[PDB]
>>> print(open('target_0.cif').read())   # mmCIF, C-alpha atoms and all ligand atoms
data_target
loop_
_atom_site.label_atom_id
_atom_site.label_comp_id
_atom_site.auth_asym_id
_atom_site.auth_seq_id
_atom_site.Cartn_x
_atom_site.Cartn_y
_atom_site.Cartn_z
CA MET A 1 -32.95 17.87 23.86
CA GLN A 2 -30.02 19.39 21.96
CA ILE A 3 -26.35 18.37 21.86
CA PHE A 4 -23.17 19.46 20.09
CA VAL A 5 -20.64 17.57 17.96
CA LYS A 6 -17.01 18.65 17.62
CA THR A 7 -15.60 17.43 14.31
CA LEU A 8 -12.06 16.62 13.17
CA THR A 9 -12.05 19.93 11.24
CA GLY A 10 -12.76 22.10 14.29
CA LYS A 11 -16.37 22.81 13.32
CA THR A 12 -18.80 22.38 16.23
CA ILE A 13 -22.20 21.37 14.85
CA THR A 14 -25.41 21.86 16.83
CA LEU A 15 -27.73 18.86 16.59
CA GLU A 16 -31.20 18.12 17.97
CA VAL A 17 -31.89 14.48 18.89
CA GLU A 18 -34.10 12.40 21.21
CA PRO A 19 -32.80 10.93 24.49
CA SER A 20 -33.68 7.46 23.14
CA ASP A 21 -32.06 8.11 19.74
CA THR A 22 -29.73 5.42 18.41
CA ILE A 23 -26.11 6.14 17.51
CA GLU A 24 -26.83 5.02 13.93
CA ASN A 25 -29.51 7.69 13.52
CA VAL A 26 -27.16 10.22 15.14
CA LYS A 27 -24.55 9.38 12.50
CA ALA A 28 -27.28 9.71 9.85
CA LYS A 29 -28.11 13.21 11.12
CA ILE A 30 -24.39 14.04 11.07
CA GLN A 31 -24.34 12.83 7.45
CA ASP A 32 -27.25 15.19 6.82
CA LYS A 33 -25.55 18.19 8.45
CA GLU A 34 -22.10 17.64 6.87
CA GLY A 35 -22.13 14.83 4.31
CA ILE A 36 -19.87 12.31 6.02
CA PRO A 37 -21.13 8.75 5.45
CA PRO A 38 -21.48 6.51 8.52
CA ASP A 39 -18.65 4.49 6.95
CA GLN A 40 -16.15 7.12 8.16
CA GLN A 41 -17.87 8.14 11.42
CA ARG A 42 -16.73 7.18 14.92
CA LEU A 43 -18.30 9.05 17.83
CA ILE A 44 -16.58 9.45 21.20
CA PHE A 45 -18.01 10.57 24.55
CA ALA A 46 -15.13 11.26 26.98
CA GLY A 47 -12.53 8.90 25.56
CA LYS A 48 -14.85 5.93 24.97
CA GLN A 49 -15.68 5.17 21.33
CA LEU A 50 -19.45 4.74 21.18
CA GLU A 51 -21.09 1.66 19.67
CA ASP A 52 -23.58 2.03 16.83
CA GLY A 53 -26.07 -0.42 18.34
CA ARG A 54 -26.72 1.74 21.41
CA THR A 55 -28.57 4.90 22.40
CA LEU A 56 -27.54 8.20 23.98
CA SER A 57 -29.28 7.37 27.27
CA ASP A 58 -27.09 4.28 27.71
CA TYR A 59 -23.95 6.45 27.91
CA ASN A 60 -25.70 8.99 30.19
CA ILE A 61 -25.42 11.85 27.69
CA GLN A 62 -27.49 14.82 28.84
CA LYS A 63 -28.48 17.81 26.73
CA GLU A 64 -25.73 20.22 25.63
CA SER A 65 -23.15 17.44 26.08
CA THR A 66 -20.51 17.58 23.35
CA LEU A 67 -19.53 14.46 21.40
CA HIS A 68 -16.27 14.19 19.47
CA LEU A 69 -16.24 12.91 15.89
CA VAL A 70 -13.30 10.97 14.44
CA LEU A 71 -13.04 10.01 10.78
CA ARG A 72 -12.14 6.39 10.03
CA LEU A 73 -10.94 6.95 6.49
CA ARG A 74 -10.53 3.64 4.68
CA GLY A 75 -8.78 3.18 1.33
CA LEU B 732 -21.95 -6.51 16.39
CA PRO B 733 -19.63 -9.48 17.12
CA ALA B 734 -15.92 -8.77 16.80
CA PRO B 735 -13.18 -11.00 15.36
CA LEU B 736 -10.37 -9.50 17.46
CA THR B 737 -12.28 -10.39 20.65
CA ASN B 738 -10.96 -13.97 20.50
CA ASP B 739 -8.01 -13.25 18.19
CA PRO B 740 -5.26 -15.84 18.83
CA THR B 741 -2.38 -13.48 17.96
CA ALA B 742 -3.21 -11.05 20.79
CA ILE B 743 -3.25 -11.26 24.59
CA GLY B 744 -5.21 -9.25 27.13
CA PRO B 745 -8.68 -7.76 26.88
CA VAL B 746 -10.08 -5.13 24.52
CA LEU B 747 -8.46 -1.75 25.23
CA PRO B 748 -8.10 1.46 23.21
CA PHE B 749 -4.91 2.02 21.25
CA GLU B 750 -4.06 5.11 23.31
CA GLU B 751 -4.08 3.08 26.54
CA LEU B 752 -1.90 0.27 25.16
CA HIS B 753 0.60 2.59 23.42
CA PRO B 754 0.30 6.13 24.80
CA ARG B 755 1.71 9.17 22.99
CA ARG B 756 0.65 12.76 22.24
CA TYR B 757 -1.84 11.75 19.57
CA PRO B 758 -4.34 14.24 18.11
CA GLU B 759 -7.41 14.45 20.33
CA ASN B 760 -9.43 11.19 20.15
CA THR B 761 -7.69 9.95 16.97
CA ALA B 762 -6.36 6.93 18.90
CA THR B 763 -9.54 5.79 20.69
CA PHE B 764 -10.02 2.84 18.30
CA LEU B 765 -10.17 -0.45 20.18
CA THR B 766 -7.50 -3.13 19.74
CA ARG B 767 -5.48 -5.65 21.77
CA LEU B 768 -1.85 -6.15 22.75
CA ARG B 769 0.03 -8.30 20.23
CA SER B 770 0.96 -11.76 21.55
CA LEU B 771 2.48 -13.95 18.84
CA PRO B 772 5.41 -12.87 16.64
CA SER B 773 5.14 -11.71 13.02
CA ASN B 774 3.09 -14.32 11.12
CA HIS B 775 4.70 -13.05 7.87
CA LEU B 776 1.41 -11.84 6.44
CA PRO B 777 1.40 -11.11 2.69
CA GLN B 778 1.55 -7.56 1.40
CA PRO B 779 -2.06 -6.31 1.14
CA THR B 780 -3.32 -6.06 -2.43
CA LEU B 781 -4.77 -2.60 -1.68
CA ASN B 782 -1.43 -1.05 -0.74
CA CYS B 783 -1.98 2.64 -1.55
CA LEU B 784 -1.46 3.72 2.07
CA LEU B 785 1.83 1.82 2.29
CA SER B 786 3.10 3.45 -0.91
CA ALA B 787 2.04 6.89 0.35
CA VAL B 788 3.92 6.34 3.62
CA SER B 789 6.96 4.95 1.79
CA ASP B 790 7.23 7.93 -0.56
CA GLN B 791 7.49 10.19 2.51
CA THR B 792 9.49 8.19 5.09
CA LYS B 793 11.75 6.36 2.58
CA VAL B 794 10.97 3.18 4.53
CA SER B 795 10.17 0.16 2.39
CA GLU B 796 6.59 -1.09 2.57
CA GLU B 797 7.91 -4.45 3.81
CA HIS B 798 9.35 -2.96 7.00
CA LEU B 799 6.20 -0.92 7.64
CA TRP B 800 4.05 -4.03 7.20
CA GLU B 801 6.29 -6.02 9.55
CA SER B 802 6.07 -3.26 12.16
CA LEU B 803 2.28 -3.29 11.78
CA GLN B 804 2.39 -7.05 12.35
CA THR B 805 4.45 -6.45 15.50
CA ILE B 806 2.10 -3.76 16.85
CA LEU B 807 -1.34 -4.97 15.75
CA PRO B 808 -3.15 -8.33 15.74
CA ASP B 809 -3.61 -10.14 12.45
CA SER B 810 -7.41 -9.84 12.57
CA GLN B 811 -7.04 -6.05 12.19
CA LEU B 812 -4.33 -6.12 9.48
CA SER B 813 -5.72 -8.52 6.84
CA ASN B 814 -9.47 -9.15 6.88
CA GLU B 815 -12.49 -8.67 4.62
CA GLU B 816 -12.09 -4.89 4.90
CA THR B 817 -8.41 -5.05 3.90
CA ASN B 818 -9.07 -6.90 0.63
CA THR B 819 -12.19 -4.93 -0.39
CA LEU B 820 -11.99 -1.34 0.89
CA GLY B 821 -8.34 -1.29 1.95
CA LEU B 822 -6.21 0.02 4.80
CA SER B 823 -7.58 2.46 7.37
CA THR B 824 -6.11 5.56 9.00
CA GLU B 825 -5.82 3.55 12.23
CA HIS B 826 -2.90 1.72 10.62
CA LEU B 827 -1.55 5.18 9.80
CA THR B 828 -1.76 6.13 13.48
CA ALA B 829 -0.01 2.90 14.48
CA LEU B 830 2.77 3.57 11.97
CA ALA B 831 3.03 7.17 13.20
CA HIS B 832 3.50 5.86 16.74
CA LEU B 833 6.06 3.26 15.64
CA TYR B 834 8.11 5.57 13.40
CA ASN B 835 7.53 8.87 15.27
CA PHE B 836 5.76 11.26 12.89
CA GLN B 837 2.54 13.25 12.51
CA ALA B 838 0.91 12.51 9.16
CA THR B 839 -1.16 15.28 7.56
CA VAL B 840 -4.01 13.77 5.54
CA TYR B 841 -5.41 16.14 2.89
CA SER B 842 -8.80 14.54 2.32
CA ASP B 843 -11.71 15.85 0.26
CA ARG B 844 -13.23 17.30 3.45
CA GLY B 845 -10.12 19.15 4.62
CA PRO B 846 -6.80 18.59 6.38
CA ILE B 847 -6.59 16.21 9.35
CA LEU B 848 -3.69 15.17 11.58
CA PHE B 849 -2.85 11.63 12.72
CA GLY B 850 0.01 10.67 15.00
CA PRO B 851 1.97 11.85 18.03
CA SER B 852 2.74 15.56 18.21
CA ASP B 853 5.84 14.88 20.33
CA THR B 854 7.76 14.01 17.15
CA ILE B 855 9.85 15.69 14.45
CA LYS B 856 8.98 14.03 11.14
CA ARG B 857 5.91 15.41 9.34
CA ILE B 858 4.60 13.54 6.30
CA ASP B 859 1.75 14.60 4.01
CA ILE B 860 -0.90 12.29 2.54
CA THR B 861 -3.62 13.03 -0.02
CA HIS B 862 -6.94 11.25 0.52
CA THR B 863 -9.52 10.77 -2.24
CA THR B 864 -13.19 9.97 -1.66
CA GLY B 865 -13.10 8.21 -5.03
CA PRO B 866 -14.84 5.90 -4.67
CA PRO B 867 -13.14 4.66 -2.76
CA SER B 868 -10.56 6.44 -0.66
CA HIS B 869 -7.28 6.63 -2.58
CA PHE B 870 -4.03 7.36 -0.73
CA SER B 871 -1.23 9.28 -2.42
CA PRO B 872 1.80 11.22 -1.15
CA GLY B 873 1.93 14.98 -0.82
CA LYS B 874 -0.93 17.47 -0.94
CA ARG B 875 -3.22 18.97 -3.57
CA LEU B 876 -5.02 22.23 -4.34
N1 LIG A 901 -7.55 1.98 -0.36
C1 LIG A 901 -6.56 1.05 -0.87
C2 LIG A 901 -5.57 1.77 -1.79
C3 LIG A 901 -6.25 2.29 -3.06
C4 LIG A 901 -5.41 1.91 -4.25
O1 LIG A 901 -4.56 1.06 -4.15
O2 LIG A 901 -5.59 2.54 -5.43
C5 LIG A 901 -4.62 2.31 -6.45
#
>>> encode(input="target_0.cif", output="structure tokens", more="lines below")
Ligand SMILES: *NC[C@H](*)CC(=O)OC
Amino acid sequence: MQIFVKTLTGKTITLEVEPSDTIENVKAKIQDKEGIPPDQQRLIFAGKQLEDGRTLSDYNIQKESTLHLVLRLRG
Amino acid sequence: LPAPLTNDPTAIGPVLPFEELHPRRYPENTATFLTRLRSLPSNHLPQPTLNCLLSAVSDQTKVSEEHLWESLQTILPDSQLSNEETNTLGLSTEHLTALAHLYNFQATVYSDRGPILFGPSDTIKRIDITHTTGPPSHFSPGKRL
């Protein structure tokens, strides 16, 4: 399948992942596409901040379903 | 996977997002970080050693770091204000969103990846923060080019 990710800078990335793909590997692919480490990544699917230790199928995310990305900048 | 704020003694209620507990006109999804409603009064926590964010906010809002830290103690549980992350990596932008809600402003963070907004849009004050990837993230006032 294929989904989309809307970032905090307005850019909507197009990503290709498996239905059983873990959120950690999704953040790794986002790091590949952009360069944002998983340290500053928090993914949201309709208001609910996703957990790293889960998969896309658990949140019932179909193909072409957009996920929001929020940066958790430390410092 | 386990969370310290789940059984935090300085907070009451269950785990809810910050936007549900204190709703405003935050930037889209920038307030979805989970927290809990503060129960006990200010424990008088010490000023965090990694206090770059507090200095950056103080240079813009003219509010002393002490008052900002006390307001953070009144809004947030202790387990999310001074923990292993606070003393190693430092403060997060979630504290910046909490301070923006408490003091009514929309901070503009000029990070290495571009400009981001944090805090309610239904405000007047607009502060500017410069974010450095470093390592690690360094917080300063103003913007850069
Ligand atoms: N991230 C904590 C603040 C950084 C700092 O204090 O640098 C001087």
>>> residues_near_ligand(input="target_0.cif", ligand="ligand LIG 901 (chain A)", cutoff="10 Å", atoms="all atoms listed in the file", output="mmCIF file with C-alpha atoms, in the frame of the given file")
data_model
loop_
_atom_site.group_PDB
_atom_site.id
_atom_site.type_symbol
_atom_site.label_atom_id
_atom_site.label_comp_id
_atom_site.auth_asym_id
_atom_site.auth_seq_id
_atom_site.Cartn_x
_atom_site.Cartn_y
_atom_site.Cartn_z
ATOM 1 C CA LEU A 73 -10.940 6.950 6.490
ATOM 2 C CA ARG A 74 -10.530 3.640 4.680
ATOM 3 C CA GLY A 75 -8.780 3.180 1.330
ATOM 4 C CA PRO B 779 -2.060 -6.310 1.140
ATOM 5 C CA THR B 780 -3.320 -6.060 -2.430
ATOM 6 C CA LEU B 781 -4.770 -2.600 -1.680
ATOM 7 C CA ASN B 782 -1.430 -1.050 -0.740
ATOM 8 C CA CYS B 783 -1.980 2.640 -1.550
ATOM 9 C CA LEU B 784 -1.460 3.720 2.070
ATOM 10 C CA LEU B 785 1.830 1.820 2.290
ATOM 11 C CA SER B 786 3.100 3.450 -0.910
ATOM 12 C CA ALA B 787 2.040 6.890 0.350
ATOM 13 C CA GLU B 816 -12.090 -4.890 4.900
ATOM 14 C CA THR B 817 -8.410 -5.050 3.900
ATOM 15 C CA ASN B 818 -9.070 -6.900 0.630
ATOM 16 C CA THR B 819 -12.190 -4.930 -0.390
ATOM 17 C CA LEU B 820 -11.990 -1.340 0.890
ATOM 18 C CA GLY B 821 -8.340 -1.290 1.950
ATOM 19 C CA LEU B 822 -6.210 0.020 4.800
ATOM 20 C CA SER B 823 -7.580 2.460 7.370
ATOM 21 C CA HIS B 862 -6.940 11.250 0.520
ATOM 22 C CA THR B 863 -9.520 10.770 -2.240
ATOM 23 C CA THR B 864 -13.190 9.970 -1.660
ATOM 24 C CA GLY B 865 -13.100 8.210 -5.030
ATOM 25 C CA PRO B 866 -14.840 5.900 -4.670
ATOM 26 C CA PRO B 867 -13.140 4.660 -2.760
ATOM 27 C CA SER B 868 -10.560 6.440 -0.660
ATOM 28 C CA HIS B 869 -7.280 6.630 -2.580
ATOM 29 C CA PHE B 870 -4.030 7.360 -0.730
ATOM 30 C CA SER B 871 -1.230 9.280 -2.420
#
>>> residues_around(input="target_0.cif", residues="residue 5 (chain A)", least_positions_apart="5", cutoff="9 Å", atoms="all atoms listed in the file", output="list in words")
residues 11, 12, 13, 14, 15, 30, 43, 65, 66, 67, 68 and 69 of chain A
>>> closest_residue(input="target_0.cif", among="B:835, B:842, B:852, B:814", to="chain A", atoms="all atoms listed in the file")
B:842
>>> residues_near_point(input="target_0.cif", point="(-34.5, 12.1, 24.7)", cutoff="10 Å", atoms="all atoms listed in the file", output="ChimeraX atom specification")
/A:1-2,16-21,55-57,61-63
>>> closest_atom_pairs(input="target_0.cif", of="chain A", to="chain B", cutoff="12 Å", atoms="all atoms listed in the file", output="Markdown table")
| residue | atom | partner | partner_atom | distance |
| --- | --- | --- | --- | --- |
| A:6 | CA | B:759 | CA | 10.8 |
| A:7 | CA | B:847 | CA | 10.4 |
| A:8 | CA | B:847 | CA | 6.7 |
| A:9 | CA | B:847 | CA | 6.9 |
| A:10 | CA | B:847 | CA | 9.9 |
| A:11 | CA | B:845 | CA | 11.3 |
| A:34 | CA | B:844 | CA | 9.5 |
| A:35 | CA | B:844 | CA | 9.3 |
| A:36 | CA | B:844 | CA | 8.7 |
| A:37 | CA | B:864 | CA | 10.7 |
| A:39 | CA | B:820 | CA | 10.7 |
| A:40 | CA | B:823 | CA | 9.8 |
| A:41 | CA | B:764 | CA | 11.7 |
| A:42 | CA | B:764 | CA | 8.7 |
| A:43 | CA | B:760 | CA | 9.4 |
| A:44 | CA | B:760 | CA | 7.4 |
| A:45 | CA | B:760 | CA | 9.7 |
| A:46 | CA | B:760 | CA | 8.9 |
| A:47 | CA | B:763 | CA | 6.5 |
| A:48 | CA | B:763 | CA | 6.8 |
| A:49 | CA | B:763 | CA | 6.2 |
| A:50 | CA | B:763 | CA | 10.0 |
| A:51 | CA | B:732 | CA | 8.8 |
| A:52 | CA | B:732 | CA | 8.7 |
| A:53 | CA | B:732 | CA | 7.6 |
| A:54 | CA | B:732 | CA | 10.8 |
| A:67 | CA | B:760 | CA | 10.7 |
| A:68 | CA | B:760 | CA | 7.5 |
| A:69 | CA | B:760 | CA | 8.2 |
| A:70 | CA | B:761 | CA | 6.2 |
| A:71 | CA | B:761 | CA | 8.2 |
| A:72 | CA | B:824 | CA | 6.2 |
| A:73 | CA | B:824 | CA | 5.6 |
| A:74 | CA | B:823 | CA | 4.2 |
| A:75 | CA | B:868 | CA | 4.2 |
